[PDB]
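Scroll down for the structure; my scribbles are underneath it.
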Amino acid sequence: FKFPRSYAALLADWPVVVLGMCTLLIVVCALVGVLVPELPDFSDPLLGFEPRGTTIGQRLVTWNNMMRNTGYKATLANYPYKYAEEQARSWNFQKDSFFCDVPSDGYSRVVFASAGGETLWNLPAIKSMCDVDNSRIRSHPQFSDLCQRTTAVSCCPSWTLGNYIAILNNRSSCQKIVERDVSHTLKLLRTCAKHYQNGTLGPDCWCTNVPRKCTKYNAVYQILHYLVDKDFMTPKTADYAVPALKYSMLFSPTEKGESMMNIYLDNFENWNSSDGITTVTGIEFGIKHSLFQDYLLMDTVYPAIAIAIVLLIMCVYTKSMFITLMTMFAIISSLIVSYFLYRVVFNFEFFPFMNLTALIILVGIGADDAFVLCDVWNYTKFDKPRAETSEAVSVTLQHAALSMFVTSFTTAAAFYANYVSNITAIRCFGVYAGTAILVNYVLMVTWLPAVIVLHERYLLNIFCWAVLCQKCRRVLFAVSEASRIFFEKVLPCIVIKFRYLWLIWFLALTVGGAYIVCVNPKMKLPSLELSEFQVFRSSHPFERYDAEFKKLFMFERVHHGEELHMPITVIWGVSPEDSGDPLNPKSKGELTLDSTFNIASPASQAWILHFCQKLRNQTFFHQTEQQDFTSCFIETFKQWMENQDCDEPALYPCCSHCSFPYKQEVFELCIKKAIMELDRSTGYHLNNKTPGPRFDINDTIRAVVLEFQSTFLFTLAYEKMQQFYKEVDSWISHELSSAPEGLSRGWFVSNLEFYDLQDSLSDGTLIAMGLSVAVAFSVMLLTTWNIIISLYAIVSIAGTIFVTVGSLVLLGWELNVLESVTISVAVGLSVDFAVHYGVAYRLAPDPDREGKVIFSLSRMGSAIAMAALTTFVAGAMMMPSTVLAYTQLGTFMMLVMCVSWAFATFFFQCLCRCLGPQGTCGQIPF
Ligand SMILES: CCCCCCCCCCC(CCCCCCCCCC)(CO[C@@H]1O[C@H](CO)[C@@H](O[C@H]2O[C@H](CO)[C@@H](O)[C@H](O)[C@H]2O)[C@H](O)[C@H]1O)CO[C@@H]1O[C@H](CO)[C@@H](O[C@H]2O[C@H](CO)[C@@H](O)[C@H](O)[C@H]2O)[C@H](O)[C@H]1O
Ligand SMILES: CCCCCCCCCCC(CCCCCCCCCC)(CO[C@@H]1O[C@H](CO)[C@@H](O[C@H]2O[C@H](CO)[C@@H](O)[C@H](O)[C@H]2O)[C@H](O)[C@H]1O)CO[C@@H]1O[C@H](CO)[C@@H](O[C@H]2O[C@H](CO)[C@@H](O)[C@H](O)[C@H]2O)[C@H](O)[C@H]1O
Ligand SMILES: CC(C)CCC[C@@H](C)[C@H]1CC[C@H]2[C@@H]3CC=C4C[C@@H](OC(=O)CCC(=O)O)CC[C@]4(C)[C@H]3CC[C@]12C
Ligand SMILES: CC(C)CCC[C@@H](C)[C@H]1CC[C@H]2[C@@H]3CC=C4C[C@@H](OC(=O)CCC(=O)O)CC[C@]4(C)[C@H]3CC[C@]12C
Ligand SMILES: CC(C)CCC[C@@H](C)[C@H]1CC[C@H]2[C@@H]3CC=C4C[C@@H](OC(=O)CCC(=O)O)CC[C@]4(C)[C@H]3CC[C@]12C
Ligand SMILES: CC(C)CCC[C@@H](C)[C@H]1CC[C@H]2[C@@H]3CC=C4C[C@@H](OC(=O)CCC(=O)O)CC[C@]4(C)[C@H]3CC[C@]12C
Ligand SMILES: CC(C)CCC[C@@H](C)[C@H]1CC[C@H]2[C@@H]3CC=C4C[C@@H](OC(=O)CCC(=O)O)CC[C@]4(C)[C@H]3CC[C@]12C
Ligand SMILES: CC(C)CCC[C@@H](C)[C@H]1CC[C@H]2[C@@H]3CC=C4C[C@@H](OC(=O)CCC(=O)O)CC[C@]4(C)[C@H]3CC[C@]12C
Ligand SMILES: CC(C)CCC[C@@H](C)[C@H]1CC[C@H]2[C@@H]3CC=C4C[C@@H](OC(=O)CCC(=O)O)CC[C@]4(C)[C@H]3CC[C@]12C
Ligand SMILES: CC(C)CCC[C@@H](C)[C@H]1CC[C@H]2[C@@H]3CC=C4C[C@@H](OC(=O)CCC(=O)O)CC[C@]4(C)[C@H]3CC[C@]12C
Ligand SMILES: CC(C)CCC[C@@H](C)[C@H]1CC[C@H]2[C@@H]3CC=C4C[C@@H](OC(=O)CCC(=O)O)CC[C@]4(C)[C@H]3CC[C@]12C
Ligand SMILES: CC(C)CCC[C@@H](C)[C@H]1CC[C@H]2[C@@H]3CC=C4C[C@@H](OC(=O)CCC(=O)O)CC[C@]4(C)[C@H]3CC[C@]12C
Ligand SMILES: CC(C)CCC[C@@H](C)[C@H]1CC[C@H]2[C@@H]3CC=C4C[C@@H](OC(=O)CCC(=O)O)CC[C@]4(C)[C@H]3CC[C@]12C
Ligand SMILES: CC(C)CCC[C@@H](C)[C@H]1CC[C@H]2[C@@H]3CC=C4C[C@@H](OC(=O)CCC(=O)O)CC[C@]4(C)[C@H]3CC[C@]12C
Ligand SMILES: CC(C)CCC[C@@H](C)[C@H]1CC[C@H]2[C@@H]3CC=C4C[C@@H](OC(=O)CCC(=O)O)CC[C@]4(C)[C@H]3CC[C@]12C
Ligand SMILES: *[C@@H]1O[C@H](CO)[C@@H](O)[C@H](O)[C@H]1NC(C)=O
Ligand SMILES: *[C@@H]1O[C@H](CO)[C@@H](O)[C@H](O)[C@H]1NC(C)=O
Ligand SMILES: *[C@@H]1O[C@H](CO)[C@@H](O)[C@H](O)[C@H]1NC(C)=O
Ligand code: NA
Ligand code: NA
């Protein structure tokens with residue numbers, strides 16, 4: 001029986017086989033991907049934002065596994081429990097003149113600013129804050145179940161300036177205060193602020209150095225610590241009529257969390273946030289990550305609107321709704337098939353929210369190849385108008401199929417290069433987006449050639465209205481002639497005549513971009529900790545709370561503060577290893593004990609005391625004037641032993657007569673006795689963080705922990721924290737290199753979670769961009785076979801990247817997660833227009849470099865323009881989004897398209913016109 005004897009004949013004779021086979025295996029992917037995997041969860045946006053394989057990361061994971069597994073009959077314990085049990089065997093403020101408790105981070109709260117720029121310390125503003133709370137939080141039908149309660153009659157009062165003024169001036173409520181009460185309260189604040197600054201006022205005094213008037217309910221401490229900004233009542237300009245209260249805070253009796261969701265959505269979300277007197281500038285209801293999932297899915301309307309505009313661009317370009325809608329079916333199918341491969345074939349259990357942005361990327365860059373194949377098909381038709389379909393298909397594929405691949409492969413490879421990241425979310429996103437891009441290419445050389453054959457065979461025969469069709473035809477004709485005159489006549493004259501203007505202008509831009517990126521101001525690393533990471537645009541009240549207001553209120557500053565010294569924690573007997581799955585963020589492994597460890601050896605006892613006394617001589621160590629008896633438990637144990645009075649027979653082994661390097665059996669006996677003496681002799685209680693030995697279920701010491709304070713303070717600056725880490729880790733590693741066996745495998749840990757993230761963002765960006773640059777230059781040598789065209793192309797790609805990244809630096813971008821991925825992807829996208837032109841310069845029949853540049857611009861001009869335009873339009877559609885990630889990706893997509901199109905069309909064609917090869921001058925031998 002009959003069968004097609006070549007691929008071009010399969011497409012030409014049986015296009016319905018190709019579409020039927022594609023449709024069936026796409027339908028299988030769509031079914032199995034919904035039925036078999038567990039569906040994605042976006043309840044935590046920050047989920048994979050952690051380095052896994054790093055030296056610091058494995059130590060941090062190990063220390064967390066030690067802390068969870070430490071406790072009564074757990075894997076490790078602070079106390080020798082099997083020895084210990086053997087010892088045991090032997091409203092109206094004139095009536096209810098109080099608030100229900102102290103305000104805290106546990107309560108729902110809002111930040112006010114003045115609407116007219118006034119000081120907030122005025123009676124209209126003070127009552128307007130109470131009016132907003134009453135009208136927007138309390139009024140809600142759910143509030144009465146959520147509020148903390150002293151009686152069934154009414155909820156507790158909210159912590160607000162007007163209620164503190166009421167209780168200080170014996171008024172019944174915020175609503176019944178007067179200007180005399182406001183000025184009286186201002187005097188009390190102005191005098192007693194020095195007592196608060198000097199640490200003499202405090203939370204419980206209702207303060208022996210402090211006068212009674214401002215002690216009256218702890219009200220002056222509570223106003224200054226919780227309700228007012230840090231510039232109000234600062235020592236400078238305190239003698240001023242009313243000080244500038246820029247911001248003030250209000251606390252609701254509702255506990256901060258997911259119960260606030262209805263109150264927010266009903267009464268805060270759609271509001272204009274202003275009472276005309278005061279504006280609500282910040283909100284902290286505990287719902288930021290709960291709200292994130294809703295907006296993350298709701299904003300998928302913007303990529304859907306982008307699909308319709310890309311359908312319009314491509315319907316006018318190709319002149320069919322058939323080839324156009326079948327191309328957009330293939331674009332959306334490549335996401336569905338990528339998802340089946342990702343969850344079912346590759347077995348990835350975690351789907352980051354970053355993966356939803358691959359719908360934006362594929363809608364922008366998906367049609368690029370359809371514009372190329374449709375052009376080449378029409379050049380092929382025009383060149384040989386009586387060729388049979390199998391010849392026309394084969395010639396079209398011979399001209400198009402490699403350039404379509406190289407532009408796709410450069411962009412997929414730039415995403416797969418992010419699998420070299422230590423950050424789990426970045427690796428997962430690189431795999432998902434790289435796979436969709438390659439699946440889309442396979443459809444553009446299978447599905448789209450068979451669709452083009454079916455159009456020509458049937459639909460090309462079939463295809464006010466009686467004038468509207470004619471009016472449509474004549475305007476479509478005029479648009480196409482205008483497009484042809486531009487790309488064949490207008491644009492080549494502008495490129496060639498002004499070539500010396502272009503060479504000077506685009507070099508000046510490249511030098512400017514290189515100065516901004518490499519000299520000043522450079523791109524910065526992240527400057528907020530991971531819990532404060534921005535998910536919404538900076539306009540959103542939840543983001544202004546974390547970015548602006550957490551640093552202006554004293555209770556939010558002292559939650560960590562400036563005088564945190566870095567701990568130096570040193571651990572033995574546990575292996576610093578992550579045995580969990582690095583691609584599953586929830587898979588932390590199992591705690592591993594080191595079988596070679598021994599503390600109780602006389603050599604181990606002697607060395608570890610000498611290490612403690614060596615470490616105290618270093619410039620990184622901070623001497624507290626009170627001694628830490630926990631820091632080096634061996635010195636405290638030596639001290640206890642040399643105090644045992646030894647006249648009692650029970651003190652026979654644990655005696656002051658013994659010299660310090662005790663025989664191992666006397667160490668193992670007396671350490672248990674000394675630990676059990678402590679919690680009876682003193683009020684001191686050990687916990688899973690406390691330094692000391694760690695016992696197993698057979699009262700055997702399996703680990704030891706030492707801890708010391710550093711002269712280094714805690715900081716979010718990368719270089720200061722790198723200097724701390726290098727100085728301490730080098731000295732500890734060097735000193736441990738001379739430790740006896742059984743102490744040789746110890747390791748150092750500290751508060752280094754954010755420094756490990758910053759370090760991983762630095763390293764992974766440099767590696768992924770170097771891999772992306774290597775692929776970009778390689779594929780251009782292998783596509784042009786000429787070193788001079790490949791060189792002018794990589795110089796234009798370099799100018800594109802310096803102007804693109806230098807522009808993002810002037811826009812205030814930092815090297816965060818996602819921002820770091822776009823830098824790698826910028827290279828792989830920027831390849832594409834210089835490849836399309838560089839192949840058309842070589843293809844040119846003209847002998848002279850001017851004719852070859854006119855040919856190149858004439859033949860690739862409108863396809864390059866349409867690929868740039870569809871990618872720009874997809875990015876421009878993401879600007880109404882609340883999700884920060886959508887708005888950042890669309891910003892990048894617009895910017896990189898303008899810069900890469902201009903450098904490929906003006907700068908790279910001007911290099912080819914001035915000093916381009918002619919007559920095989922730089923041709924690589926095959
Ligand atoms: C691959 C990823 C798959 C993700 C799967 C999860 C999808 C979750 C969908 C969620 C969602 C978007 C729908 C668009 C999705 C496009 C996907 C494109 C995928 C391409 C591969 C469902 O939108 C639904 O739309 C229905 C339309 O028929 C509508 O039906 C109703 O009318 C029928 C007659 O029309 C009638 O018969 C039926 O009885 C009715 O009920 C529903 O009530 C409505 O809930 C949520 O948005 C809904 O609609 C608005 C949208 O703007 C949204 O507007 C706000 O927010 C926008 C955004 O922040 C912002 O822009 C807007 O300014 C802002 O006002 C609304 O607040 C929200 O309510
Ligand atoms: C596994 C890790 C164990 C961690 C232990 C951590 C707790 C410290 C225990 C050690 C301990 C008692 C001995 C108990 C048994 C020890 C078993 C050891 C087991 C080891 C396996 C040693 O007490 C020290 O004894 C020394 C003699 O031995 C003595 O030395 C002197 O003599 C020599 C010159 O004449 C020469 O030595 C040296 O120059 C001299 O100074 C010191 O003055 C004295 O401070 C502490 O005793 C007391 O503890 C109190 C709180 O309970 C603590 O109260 C304060 O701080 C509280 C807040 O913490 C706070 O609330 C209180 O308001 C506040 O008042 C006292 O200030 C402290 O004194
Ligand atoms: C998920 C669903 C859509 C999967 C099912 C796909 C089917 C609808 C496809 C698969 C193979 C296709 C067939 C493949 C080849 C042909 C031969 C074709 O005719 C010829 O090539 C000319 C024969 C002649 O000499 O007359 C007519 C359509 C037909 C029957 C196709 C009809 C549609 C079929 C059955
Ligand atoms: C954005 C994605 C989800 C689009 C998915 C499209 C599919 C549902 C396919 C299957 C059947 C296709 C239709 C089959 C036949 C025709 C007739 C065809 O008529 C002509 O050929 C008009 C002139 C021309 O377009 O060249 C126009 C497209 C249309 C409606 C096709 C459009 C695309 C359809 C709806
Ligand atoms: C990246 C783009 C191109 C689409 C990728 C494949 C889709 C088939 C996935 C991606 C996100 C998924 C959605 C993300 C979140 C949800 C909520 C989820 O349910 C829960 O989260 C329930 C609450 C909980 O688990 O606690 C299941 C449906 C749905 C819409 C998922 C259905 C399948 C979706 C659309
Ligand atoms: C994971 C998947 C997506 C990888 C897919 C890779 C292929 C699509 C690449 C690899 C090698 C490429 C081929 C290498 C060599 C050629 C010969 C080339 O030149 C000719 O046929 C010579 C005659 C002429 O140019 O007219 C046409 C393109 C083609 C088939 C290339 C098309 C694209 C191919 C098949
Ligand atoms: C999941 C799988 C199916 C992905 C792999 C798809 C391949 C089977 C496709 C991708 C590109 C295609 C090629 C694109 C271009 C050409 C050139 C074309 O012409 C020549 O080879 C002419 C050579 C000469 O003139 O000497 C023949 C078909 C061929 C090899 C195609 C055959 C089928 C290829 C290799
Ligand atoms: C493979 C073909 C299609 C060439 C693709 C271009 C290559 C130059 C690049 C693109 C993506 C790169 C890969 C992206 C990520 C990684 C993970 C990286 O992992 C590790 O070093 C740690 C071990 C691990 O986690 O697997 C090893 C190199 C590798 C495979 C890279 C090797 C070089 C690759 C294949
Ligand atoms: C989203 C809203 C607010 C604005 C959408 C405007 C678009 C519908 C306009 C803007 C630019 C226009 C395009 C400008 C240039 C061209 C190239 C032109 O190319 C050809 O005539 C040559 C085709 C070939 O060589 O075969 C076809 C029309 C097209 C796609 C135009 C179609 C209509 C477009 C996409
Ligand atoms: C800094 C960015 C905008 C660089 C990327 C785009 C520019 C290279 C474009 C944008 C607007 C263009 C200009 C718009 C209009 C004209 C008038 C035009 O006048 C003629 O007489 C043209 C005659 C012809 O060649 O048909 C000469 C080129 C020029 C300056 C264009 C040169 C190329 C420009 C500067
Ligand atoms: C080869 C051509 C094609 C492109 C070359 C561009 C690169 C040299 C640029 C682009 C982005 C730059 C990176 C962007 C941000 C940073 C953070 C920076 O970290 C810091 O300590 C900054 C100060 C801080 O905030 O603490 C280290 C360099 C690095 C990786 C930059 C190094 C230089 C890079 C890789
Ligand atoms: C020609 C095509 C391809 C692009 C058209 C893009 C415009 C329709 C965009 C560009 C900037 C957008 C604006 C940028 C910012 C905002 C603020 C935004 O304010 C919010 O408080 C709600 C959403 C959010 O959280 O950001 C409301 C939409 C709006 C006016 C956007 C409306 C749509 C605009 C005008
Ligand atoms: C979106 C960013 C990434 C840039 C993408 C490339 C654009 C610079 C291209 C896309 C479509 C092009 C347009 C398509 C058609 C025309 C009509 C053309 O009209 C004539 O030359 C008419 C001459 C006559 O009839 O007298 C003038 C240029 C223009 C606007 C083109 C200018 C270059 C455009 C805007
Ligand atoms: C086609 C390319 C190669 C040439 C330039 C095209 C321009 C239309 C674009 C591309 C990048 C844009 C720039 C990207 C970033 C910024 C920073 C932006 O903000 C600031 O400078 C804020 C300064 C501060 O707050 O202190 C002002 C506009 C500017 C210079 C943009 C102006 C218009 C530029 C040069
Ligand atoms: C060794 C490391 C640094 C990797 C180098 C990779 C490429 C940059 C090398 C590999 C082969 C080299 C080519 C081998 C042969 C030639 C032919 C040579 O002469 C001609 O084309 C003109 C001959 C004439 O005079 O007629 C010009 C340099 C070129 C393209 C070489 C330029 C550099 C190439 C592309
Ligand atoms: C209050 O401040 C002064 C000046 O800094 C200081 O000398 C004094 O000791 C402080 N008061 C108390 C009770 O410590
Ligand atoms: C809207 O905002 C203004 C201040 O810009 C405020 O005066 C007004 O009361 C708000 N509400 C309404 C319904 O206008
Ligand atoms: C600590 O430094 C002093 C002063 O140099 C020295 O006498 C002492 O021996 C050092 N102690 C240790 C344990 O290194
Ligand atoms: Na491509
Ligand atoms: Na590319």
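Identifiers in the structure tokens: chain A, B, ... in order shown; residue index from 1 per chain; ligand index from 1 in order shown.
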
Among stretch 185-404 of chain A, which ones does DSSP place in helix (DSSP H, G or I), written as number ranges by chain?
A: 185-197, 212-214, 219-227, 258-267, 288-298, 301-318, 321-345, 353-365, 368-383, 389-404

Write the residues of the selection above to a file with C-alpha atoms, as a compact mmCIF listing (two decimals), in the first residue's frame.
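Result file is again_24.txt:
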# COMPACT_ATOMS: atom_id res chain seq x y z
CA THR A 185 -1.04 65.08 76.49
CA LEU A 186 1.53 66.89 74.26
CA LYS A 187 3.17 68.50 77.37
CA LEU A 188 3.44 65.06 79.09
CA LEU A 189 5.11 63.64 75.94
CA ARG A 190 7.50 66.65 75.54
CA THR A 191 8.79 66.44 79.17
CA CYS A 192 8.96 62.62 79.57
CA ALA A 193 10.51 61.72 76.14
CA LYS A 194 14.01 62.11 77.78
CA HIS A 195 13.03 59.48 80.42
CA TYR A 196 12.04 57.11 77.54
CA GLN A 197 15.26 57.88 75.54
CA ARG A 212 4.13 60.00 88.48
CA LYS A 213 2.17 62.12 85.89
CA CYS A 214 3.64 60.31 82.82
CA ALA A 219 0.43 55.58 78.37
CA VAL A 220 3.47 57.84 77.62
CA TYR A 221 5.73 54.78 77.09
CA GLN A 222 3.04 53.12 74.91
CA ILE A 223 2.43 56.27 72.78
CA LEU A 224 6.19 56.81 72.20
CA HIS A 225 7.03 53.10 71.61
CA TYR A 226 4.03 52.00 69.45
CA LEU A 227 1.82 54.86 68.12
CA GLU A 258 -6.33 34.96 57.57
CA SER A 259 -9.51 35.89 59.54
CA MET A 260 -8.91 39.54 58.37
CA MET A 261 -9.43 38.55 54.69
CA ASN A 262 -13.19 39.42 54.48
CA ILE A 263 -12.68 42.77 56.35
CA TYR A 264 -9.89 43.73 53.89
CA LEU A 265 -11.73 42.70 50.71
CA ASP A 266 -15.10 44.26 51.75
CA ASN A 267 -13.89 47.51 53.42
CA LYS A 288 -0.17 39.52 52.28
CA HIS A 289 0.67 35.97 51.08
CA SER A 290 -3.02 34.86 51.31
CA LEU A 291 -3.98 37.80 49.00
CA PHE A 292 -1.02 36.99 46.72
CA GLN A 293 -2.55 33.80 45.29
CA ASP A 294 -5.79 35.61 44.34
CA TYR A 295 -4.12 38.46 42.40
CA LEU A 296 -1.59 36.00 40.88
CA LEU A 297 -4.45 34.09 39.19
CA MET A 298 -6.75 37.12 38.57
CA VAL A 301 -6.39 38.24 32.27
CA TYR A 302 -3.48 40.43 30.96
CA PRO A 303 -1.62 37.62 29.07
CA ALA A 304 -5.08 36.65 27.65
CA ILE A 305 -5.57 40.21 26.28
CA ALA A 306 -2.00 39.96 24.85
CA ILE A 307 -3.01 36.74 22.96
CA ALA A 308 -5.79 38.67 21.15
CA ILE A 309 -3.41 41.50 20.07
CA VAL A 310 -0.77 38.94 18.87
CA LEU A 311 -3.59 37.18 16.91
CA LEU A 312 -4.42 40.57 15.27
CA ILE A 313 -0.75 41.38 14.35
CA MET A 314 -0.34 37.92 12.85
CA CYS A 315 -3.71 37.74 11.06
CA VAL A 316 -2.88 40.96 9.14
CA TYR A 317 0.67 39.78 8.43
CA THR A 318 -0.25 36.27 7.17
CA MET A 321 -7.45 33.50 10.44
CA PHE A 322 -6.72 29.77 9.87
CA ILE A 323 -2.86 29.82 9.99
CA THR A 324 -3.06 32.49 12.73
CA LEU A 325 -5.45 30.63 15.13
CA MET A 326 -3.70 27.30 14.47
CA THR A 327 -0.37 29.03 15.41
CA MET A 328 -1.83 30.30 18.69
CA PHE A 329 -3.23 26.80 19.42
CA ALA A 330 0.37 25.52 19.03
CA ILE A 331 1.69 28.31 21.35
CA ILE A 332 -0.76 27.38 24.11
CA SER A 333 -0.20 23.63 23.51
CA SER A 334 3.54 24.06 24.16
CA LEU A 335 2.72 25.23 27.74
CA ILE A 336 0.37 22.24 28.32
CA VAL A 337 2.91 19.73 26.94
CA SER A 338 5.75 21.39 28.93
CA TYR A 339 3.60 20.99 32.11
CA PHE A 340 2.99 17.28 31.39
CA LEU A 341 6.76 16.72 30.80
CA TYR A 342 7.66 18.74 33.95
CA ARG A 343 5.33 16.97 36.41
CA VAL A 344 5.02 13.46 34.87
CA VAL A 345 8.28 12.72 32.92
CA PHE A 353 4.82 30.97 41.06
CA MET A 354 7.58 32.23 38.66
CA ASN A 355 6.42 29.47 36.23
CA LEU A 356 3.14 31.41 35.58
CA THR A 357 5.31 34.10 33.87
CA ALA A 358 6.18 31.58 31.10
CA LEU A 359 2.71 32.30 29.71
CA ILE A 360 3.89 35.95 29.17
CA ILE A 361 7.22 34.90 27.58
CA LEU A 362 5.63 32.35 25.20
CA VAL A 363 2.88 34.76 24.06
CA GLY A 364 5.58 37.37 23.25
CA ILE A 365 8.28 35.18 21.58
CA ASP A 368 8.63 34.91 15.93
CA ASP A 369 9.15 31.72 13.87
CA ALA A 370 5.72 31.79 12.17
CA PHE A 371 6.62 35.22 10.64
CA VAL A 372 9.88 33.70 9.28
CA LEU A 373 8.32 30.48 7.89
CA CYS A 374 5.39 32.36 6.25
CA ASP A 375 7.84 34.76 4.54
CA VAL A 376 10.09 32.01 3.28
CA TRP A 377 7.04 30.10 2.00
CA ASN A 378 6.06 33.16 -0.03
CA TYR A 379 9.58 33.79 -1.38
CA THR A 380 9.62 30.07 -2.36
CA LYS A 381 6.23 30.44 -4.16
CA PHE A 382 7.41 33.58 -6.02
CA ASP A 383 10.80 32.02 -7.00
CA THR A 389 3.94 20.95 -3.00
CA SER A 390 6.71 18.57 -1.77
CA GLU A 391 9.38 20.71 -3.50
CA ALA A 392 7.87 23.97 -2.12
CA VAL A 393 7.81 22.43 1.42
CA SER A 394 11.40 21.09 1.19
CA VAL A 395 12.81 24.42 -0.13
CA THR A 396 10.91 26.38 2.57
CA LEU A 397 12.27 24.09 5.32
CA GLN A 398 15.83 24.19 3.91
CA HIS A 399 15.73 28.04 4.09
CA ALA A 400 13.79 28.49 7.39
CA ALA A 401 14.29 25.48 9.74
CA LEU A 402 17.84 26.24 11.06
CA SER A 403 17.36 30.00 11.71
CA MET A 404 14.09 29.21 13.52

Return as a ChimeraX atom specification the residues of protein, DNA or RNA that approach ligand 17 to within 6 Å, with only C-alpha atoms and all ligand atoms taken into account.
/A:272,274-276

Write to file, as a compact mmCIF listing (two decimals), in the first residue's frame, the residues of the selection just made, with C-alpha atoms.
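The new file again08.txt reads:
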# COMPACT_ATOMS: atom_id res chain seq x y z
CA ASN A 272 -9.57 55.40 47.98
CA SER A 274 -8.39 58.74 52.53
CA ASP A 275 -10.78 60.48 54.97
CA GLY A 276 -9.73 63.87 53.40

Residues within 6 Å of ligand 13 (only C-alpha atoms and all ligand atoms), as a VMD selection string?
chain A and resid 482 to 483 485 to 486 865 868 to 869 872 897 to 898

Taking only C-alpha atoms and all ligand atoms into account, which residues are within 8 Å of ligand 20, as a ChimeraX atom specification?
/A:406-412,827-832

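Considering only C-alpha atoms, the residue among A:789, A:123, A:451, A:153 positioned nearest to residue A:181 is A:123.
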
What's around residue A:622 at 10 Å? Count only C-alpha atoms, leave out sequence neighbours fewer than 4 positions away in its own chain, and write the answer as a PyMOL selection string.
chain A and resi 565-567+616-618+708-712

Stretch 217-338 of chain A: which residues are strand (DSSP E) by DSSP, as a count of residues only?
16

For residue A:121, list every protein, DNA or RNA residue within 10 Å, evaluated using only C-alpha atoms, and leave out those in the same chain fewer than 4 positions away; present the list as an NGL selection string.
:A and (114 or 125-126 or 161 or 182-183 or 186 or 228 or 232 or 242-248)
